[PDB]
Structures are given as structure tokens and as C-alpha cells.
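A quick write-up on the structure given underneath.
Naming: A, B, ... by sequence-line order, numbering from 1 per chain. Both backbone and side-chain heavy atoms feed into the values below; hydrogens, waters and symmetry mates do not.
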Amino acid sequence: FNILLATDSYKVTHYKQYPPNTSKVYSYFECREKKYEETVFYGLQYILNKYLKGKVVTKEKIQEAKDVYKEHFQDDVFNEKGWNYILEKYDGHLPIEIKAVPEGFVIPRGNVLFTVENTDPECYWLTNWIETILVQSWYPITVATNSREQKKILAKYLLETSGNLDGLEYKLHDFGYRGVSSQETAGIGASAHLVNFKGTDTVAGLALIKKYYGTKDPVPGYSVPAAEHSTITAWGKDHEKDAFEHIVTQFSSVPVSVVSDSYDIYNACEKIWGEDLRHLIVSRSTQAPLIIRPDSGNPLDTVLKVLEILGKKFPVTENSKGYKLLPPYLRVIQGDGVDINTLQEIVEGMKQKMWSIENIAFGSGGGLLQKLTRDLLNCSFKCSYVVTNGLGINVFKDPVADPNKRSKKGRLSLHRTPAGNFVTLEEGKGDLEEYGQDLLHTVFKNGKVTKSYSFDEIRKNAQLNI
Amino acid sequence: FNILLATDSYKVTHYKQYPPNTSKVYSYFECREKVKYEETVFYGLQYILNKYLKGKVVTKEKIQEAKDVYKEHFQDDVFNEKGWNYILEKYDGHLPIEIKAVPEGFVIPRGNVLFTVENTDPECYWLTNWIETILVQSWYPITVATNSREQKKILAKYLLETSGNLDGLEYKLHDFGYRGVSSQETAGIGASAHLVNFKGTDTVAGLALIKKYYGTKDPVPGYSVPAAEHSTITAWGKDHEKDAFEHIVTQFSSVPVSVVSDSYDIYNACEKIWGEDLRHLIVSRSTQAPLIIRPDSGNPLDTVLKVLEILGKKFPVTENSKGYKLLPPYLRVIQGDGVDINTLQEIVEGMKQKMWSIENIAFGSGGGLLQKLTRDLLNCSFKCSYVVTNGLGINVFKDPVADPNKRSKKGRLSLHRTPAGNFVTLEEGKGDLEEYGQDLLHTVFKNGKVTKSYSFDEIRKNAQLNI
Ligand SMILES: O=C(NCc1cccnc1)Nc1ccc(CNC(=O)c2ccc(CN3CCNCC3)cc2)cc1
Ligand SMILES: O=C(NCc1cccnc1)Nc1ccc(CNC(=O)c2ccc(CN3CCNCC3)cc2)cc1
């Protein structure tokens, strides 16, 4: 990896654009105000450790960057002097300072989450050089926030229909590994989902957490054995019962997810599970149920049709909250077309049809880790303050056509209010310590990670009220 | 990186689920039938083969780590330590797998076999669908290359209708999506994918990917221009927008420069600062060094039309051979906000309706180009189609009653080009008859080694538009 080649091209030319005699460039990250009232701050420690800490500048990196950018711009615009400065004076270590809200902290929109400044006036251009690599934290932030929002829906509906929050941390399972853009995205996204839930099929996320965060538990996330269409359809169109029988017998002591929509989901629930192999199901443990998996059709209408069939072939109880509960050796998983909107649609339809949320689990692939953008939480990195000719000025943008794009002014700090809420203090006002100390702790300074958090601490901060 | 830890967790347990005495598992990848994305660009496999699948990908170390993790992950011992040990012993960690794919860059209609995977060792029947997760991640460069190519079709048609030539087409859609992607690796894969169709990028990560994985005759596959950002305008102070503008155009007077003009008032900046106050610094610039005014807010088409009507009333507007309004050669525009395949269509059309040539404008796209894409867009699917159990080869498939669109193909597959130039995917091993000529799929991977590679220039030629 080469940090000198890990920015937007045009940032190569910015050192020549700042006001002459600019000694400081101070920039901040925030989730700009536009549903998602509060964001989970997660993922920066990964970026600091993997990409910014230690000797990140070398003579070969400088040369390679210079050789690439000479052809890339068809002009020598690369600041070789500026980069050799960092190498000589600092031994390749970035003279930068990043103050940030503790990871896992739940902060409402329009608040400073982290700040960047150069610790050496010759590196005034370095602050916004590393914007690109830092802005990419929109991803773990958005995944963790969106995952926590679904956990709130799942908490509301499970508690309403059952009376408790038993098994909430397993109600949303990650199926996203294939539906993400890369192996790195898989690890980052999966880890961000694991801030709120304990179930994932994206193995990549476990190694990231082990490496960059750590948990007291040997693993941060768990899974169950499961079928796929290949394991079902490999038996032949005539032998779907055989497949179903084989699989449930091979995983008879553990919970097993069996995809039941390969030919006819309705017939598999009515004839194969409900009659032909009913004897194999009603014998299962509460600790090792059969999790029936539909995977096609309208997600809500399929879940209700599947519950109806099962409710007719298996004994259903009425729980303390007056809702229908399947036998404990039988559960359902919706893993198709699940995003925050369809999940909410399904749990509402279920409550309307007097079905408990104890009966269902949800699997989400693309909707959980892919169908997300930087615009969702309005993740913005902006220069709020500069020091030119020794004088500090408040910097900001205010486009005429978009008042949502009106960034903060001056040096910023985040403080806890006397009522336990959060407040972003602009223009150095925080130095007065009216609402106490600033919550933005120094995490990085001159090539060193100064403050780290374990995944156990992150999970603790991201907790719901309920 | 550990391939044993680079799969969907449930796949660890599938070796116990296939029919007993199964010697072969054969699977294929397609972009299932249903902006209508009628054809797809095949790109990105060679990257995956080289980065993650070739060579010794199994060690005693890799086996113990996977065994340890999964014991805890599953709270049971399901891991096929036996199966993985067999690859380490017999094949020196090389995967006894065979991948056949259509040449990269090839533009194939939807619902056609793009690639196939099968085991070369009967004992590794389970390995075919183990590597499914890593291979289906090919959806991403396939999808970025297709949607980028679809924007090129729009750009080609409008540049041809407004100017009568495609001069500058490969620079009309620039990649501004480096910060809007989910990771560094994605940035590189995504950028490279757009570079299959265009030569304009700011996502530097993709140059290194092309160089390392594909290669070009040209020293770099992508290019950029010096450009301002909000921090380099706003750092001068709210009252010194003019001073910021002046200093940037003076520092870059010999090269083209993109200047972000919306920091406070895009229209005032075009009318007063660019139009009056600094006009003398613009009208003086070279044809090879224009000022590219960048609006970056408000309604993308409305803003472009208003900014063009302002620049036309402050600078000398000529007329091209097709009768379309053309700004003077030292002045151009870049729309780099809210640009996706939909808004780009509206803008080129909106400008065409106002008799503005498309030579005037360039487009910039971030999230629209690199992130706001899902595996669902092209219905990228990997499915088992053929199995050999107890010596008998059987055509396997899925056909969900409530989704005929999820119906997979049967048996051994082959892709052919028909005499009329069309494309057919022959199911059930029918391609063995030599009716439609040679199968378009080639062995790209066999037993831990890359058997066929493509250069980035070959891909670029294959992905070229008809126009
Ligand atoms: O579908 C699955 N993979 C396919 C896939 C994978 C990847 C990509 N694409 C498709 N995997 C699966 C995973 C988790 C879940 C949720 N878990 C349950 O439903 C459940 C319920 C009750 C109990 C018993 N107990 C425990 C002790 N406490 C009381 C309850 C145990 C588990 C369901 C399915
Ligand atoms: O906006 C930009 N960065 C901001 C950013 C960056 C990253 C993230 N977010 C915002 N960069 C920018 C890049 C390319 C382009 C397209 N290029 C042109 O407009 C152009 C026009 C004419 C000529 C001269 N010609 C004469 C004949 N011979 C060939 C050259 C050369 C180039 C525009 C802008």
C-alpha cells in the first residue's frame, strides 16, 4: 500500500491552491442533517492502524508516486519536496492530529465526529490529502447505524409480540459476503453489523475485529449449518425430500437452516415438512430447531403463507402477549429482499396477522452491506478553520441552492450536556469548558495510534435504551 | 488472506449435504434476464484468479486457523479439515478446480453463461461451491463496467448528434467516486472497471490494479486535470472567492483547470467573478489549457442550463458544423454532482433541447458510478447446473414456483455466437454437437494456475461501442 497514491488525483494539485502563508488546515467529519436521527461512530481505528500509522512515506513510494502522476497529469505537479520533508524531518510519519468521539458512541446528526489538522505548518496540504481515506469511514458508520436501526425495529416488534427481547442479537443475520463490492468491504461491513448483532455468515468480519479491535469471547460472531440450492438441487428434482431428510439427519443436534423454495416452497411446507418428514421435525430439540427458509417471491406474502401452512400442520400456542407461536423445534428465516424497509413491512404484517416475532429471523445480504451510500447519513469532510499569515480564520461553505451543504465554522469540540445530550461547539467556544471537557479524544498524532477501543467497549456504547 | 476463511459460513457445512458418492459439482455464472441493461461487460475475473485463487492457497497454518475459528463460530466441529488437508497433501495447496470464462471485455447479452467452475478431483466435489462467494464478487466490476458503458452509449449518441464526431468521448465521464466507495480495494476494482470504457479518473487506486493485474501499452490507463476543491476556495475566506479563483488559474495557466464555483453562489461566480472581475484571465487561456467551471449543488440540469445561459451572455458563443451552440475554446463546464445514468440522460437531453453542444460539458460521478450498484441490478447469479453422483451425470437446476426469473440452467453449458451474430447458451451438454461452432468460454484457471490472461487494451477493444 502507498498512501501517496491513495487520494483523489486533484488533491495532488491542492498544495499550490491554498492561500500563500497557510500554516494550518483544520477539517472535520460529520453526518450532516437532511429517519436516521443518530449515528454509530465506527471504523476509524481500522483506517488509522491499517493505512495511516508508522513510516507510511519512503523514498520508493515518493519515486513511484512521482512516476505515476507525471504520466497521470501529463505535467510534474506532484509535491516531491513536501513528501520528502515528511520523510526527512519525521521519518515517514504523518505530522497529523485526529481527535474523535469514542467508537461505538451514538451521536445525533449535525455533530462533529472527528477532526484532522497538520501538526507541522509545512504539511498544511496534508490535512485534506488524507480526506479520501478518512471519508471512507462513512461505510462502517452507515452499516453500523442502519444495522442498529433494524435492531430498534426488531426490539419494538419482538418486545410487543412476545414480552421480552430474548434472542434479539440473532434476529438479523449477515448474508452479504457475495453481494459486496470486494473482500475488504466484506470485512469492514460485516464487522460494522457485528457492533449490534452476533450472527454473520461473512467470516471476513471476524478476522478484522480480532486484528484491529479484539473481544474477550474467542469469536465476535456466530453461525448455524445451512443448505443452499446447490445442496438441495444436487439430489435431483425428484429427490428434494431425500435432500431435506439427509440434511436434517446430518445436523440433528444443532439448529439447521434448510432452503425450501428450490421448486415449490408451498408444497415443501405442506407435503414434505408438514407430512412426509413431519416425524423428523417434531422430534427436534428447542436448542436445535429446523429453520425453514423461503428465498423467492414477495417477502411479506411468502412469510405469511409459510406461517399459515406450518400453523395448520404443527401445534401453535398463544403466548403471554396473545400472539401465535410455532412449536420450539420449528422456526422461519426471511433472507430474500430484506433491507430496513421490507424488514419493517414484514414485522408489521406479522403483528397484524397475530404472529409473534419469536417465529422469525431475517437474513440480509446486499440490503445490509451494499445498498448504502455516503449520501444516506450525509457524511461530510470539510475544512472549518485555517491559519494564514499567523491569523486564524473560520472557513465554511454555504452554496446558495443547497442550505443542507452549509458546513461548521472554526475549531470544533463535542460536549455532553447537563441533560445527557450532545452539543457541537463552533469557533473555539469549547475552550471555555462551559459543558465540561471535549469528548473528541486524540486517537492519532505524528504517525501513532494514541487511543484504542476493543469491540467489547464499542458494542457497549452502541447499546439500545430498551 | 486465507481462502478457508473467505467463504459464506454455511459453505463450511455443505460437504455433508450433497448426495453421497458425488464426484463432480459444476456451476456457472450468469446475469439473469428480467434503464434496461440488455447486455453486460465481462470484466474482473482475472483480478480474483490472480489475487486470491492461484498458487499454494492452503498451508498447515491456514488449516489450523480456519479449524480454530469455525469450532467457536459454529459451537460444533463441522470444518472439513480432512478435505482441506487433501489439497495440501496431493496438490501442494493448489485448487483442483477448472474455470472457463468468456474473454474479458466481451459484451454478452443477459441470460448467458459468463463462466463455469468444476472440480478436477472427485474428492473436491465440495470445492466448486466453496469458492462461490469469492467468484460472485465479480458482479461488482461486471456491473461498474456495464453501467459505465451504458453512460458512454448516451454520451456517444449526444456528442455525435450535437457535434458530428465522438472527439473527447473517453474523457466525458470522470471518476470522482474514490471517497464514496466502501473500501480501498473496492475503489481500485471500481475505478479499473470504469477505465474499461473511459480514460478519465481521480480514483488513483485503479491505475495500480490495471498495471498489476492486466497491463497496458500506455504508461497509465487513466488521466486527470488539476482541480480545486471547497477547502482551497473557502480557505481564503468568504470575501476572497475572487482571490482564490485568480491564484488557482494563475498557478495552472498552461494546463486545463477545474474550479469549484458554488462555494457561496454559483450564478454570481459565473456572472460577476468569472464574467466581469476575472474575465481577462480566462479569454487569455490556451485551447489546450481551458477553464472548466465546476458547479457542485442544486438541481443538476437546472444549474447546468442557468450556468450555460450565464457564460453565453459573458463570453463569445460560436456555432459548430451541426448548428449547436459552443462556448469559446478556453471555457468548459463539469457537472460533478448528482450524476448517475438517469441525471446524465436528462442533462444531455436538456442541453440538446437548448441547442447546446455536448462538447461544452464533461461529467463527474462518485456514488452513482462506483457505489449505488447492487448484485440485483444485473441479477448476477452463480448456480450449480451439473452433478455426477455414483457415476451418473444429472442436469441439476432450481425453478421457484413464485419466481420464473430465478430459474437456473440445466447440465453442462456452452456459449456460442450464431451465424446472425446472436448469442446462445446451449444447456444439457448440447454444445458437444459442433452445430453453432466453437464455444466462446476458455479455460482461464486450471489446478491452481492461470491458463489464459488478457491485457487491459484487449478488454478495451472488446468493450468498444458499435458507434
Ligand atoms: O439461513 C442461513 N444461511 C443460509 C445463507 C447463508 C449465507 C448466504 N445466504 C444464505 N443461516 C441461518 C442463520 C441464522 C438464523 C437465525 N437463527 C435462528 O433462526 C435460530 C432460532 C432458534 C435457535 C434455538 N435457540 C438457541 C438457544 N436459545 C434459544 C433459541 C437457533 C437458531 C437462521 C438461518
Ligand atoms: O472536476 C474535477 N475535479 C474535482 C473533483 C475531483 C474528485 C472528486 N470530486 C471532485 N476534475 C476534472 C477532471 C476531468 C475533467 C474532464 N476534462 C475536461 O473538461 C477537459 C476539456 C478540454 C481539454 C483540452 N483538450 C483540447 C484538445 N486535446 C485534448 C485536450 C482538457 C480537458 C473535468 C474536471
Quick one: what part of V255(B) sits under 4.5 Å from any heavy atom of chain A, side chain, backbone, both or neither? side chain
Given that the side chain runs from C-beta out, which part of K50(A) has a heavy atom under 4.5 Å from chain B: side chain, backbone, both or neither? neither
Chain A heavy atoms under 4.5 Å from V78(B): which part of the residue, side chain, backbone, both or neither? side chain
NZ/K210(A): more than 12 non-hydrogen atoms of other groups inside 6.0 Å: no
Within 45 degrees of the ring normal and closer than 6.0 Å to the centroid, is that where the cationic atom of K305(A) sits relative to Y266(A)? yes
Does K410(B) qualify as a cation-pi partner of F397(B), given the criterion of NZ or CZ under 6.0 Å from the six-membered ring centre and within 45 degrees of its axis? yes
Pick one of side chain, backbone, both or neither for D174(A), based on which atoms fall under 4.5 Å of a heavy atom in chain B. neither
Using non-hydrogen atoms only, which part of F1(A) is less than 4.5 Å away from chain B: side chain, backbone, both, or neither? side chain
If I measure from the heavy atoms of chain A, does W236(B) come under 4.5 Å with its side chain, its backbone, both, or neither? both
What part of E132(B) gets closer than 4.5 Å to chain A, counting heavy atoms only: side chain, backbone, both or neither? side chain
Under 4.5 Å from any heavy atom of chain B - which part of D301(A): neither
For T7(B), is it the side chain, the backbone, both, or neither that has a heavy atom closer than 4.5 Å to a heavy atom of chain A? backbone
Segment of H14(B) engaging chain A (4.5 angstrom heavy-atom cut-off): both
So for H72(A), is it side chain, backbone, both, or neither that comes closer than 4.5 Å to the heavy atoms of chain B? both
Using non-hydrogen atoms and a 4.5 Å limit, figure out which bit of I134(B) sits close to chain A: side chain, backbone, both or neither. both
Under 4.5 Å to a heavy atom of chain A? For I189(B) that would be side chain
Applying a strict 4.5 Å limit to non-hydrogen atoms, the region of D76(B) in contact with chain A is side chain
With a 4.5 angstrom heavy-atom cut-off, could you sort out which part of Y140(B) is near chain A: side chain, backbone, both or neither? side chain
Under 4.5 Å from any heavy atom of chain A - which part of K406(B): side chain
Residue from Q371(B), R375(B), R179(B) scoring the most non-hydrogen pairs under 4.5 Å with chain A is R179(B)
Give, as side chain, backbone, both or neither, the part of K11(A) having an atom under 4.5 angstrom from any heavy atom of chain B. side chain
Taking side chain as C-beta onward, heavy atoms only, is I247(A) less than 4.5 Å from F244(A)? no
Using non-hydrogen atoms only, which part of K238(B) is less than 4.5 Å away from chain A: side chain, backbone, both, or neither? side chain
Where does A205(B) contact chain A at under 4.5 Å (heavy atoms): side chain, backbone, both or neither? backbone
Quick one: what part of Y386(B) sits under 4.5 Å from any heavy atom of chain A, side chain, backbone, both or neither? neither
Taking side chain as C-beta onward, heavy atoms only, is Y26(B) less than 4.5 Å from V387(B)? no
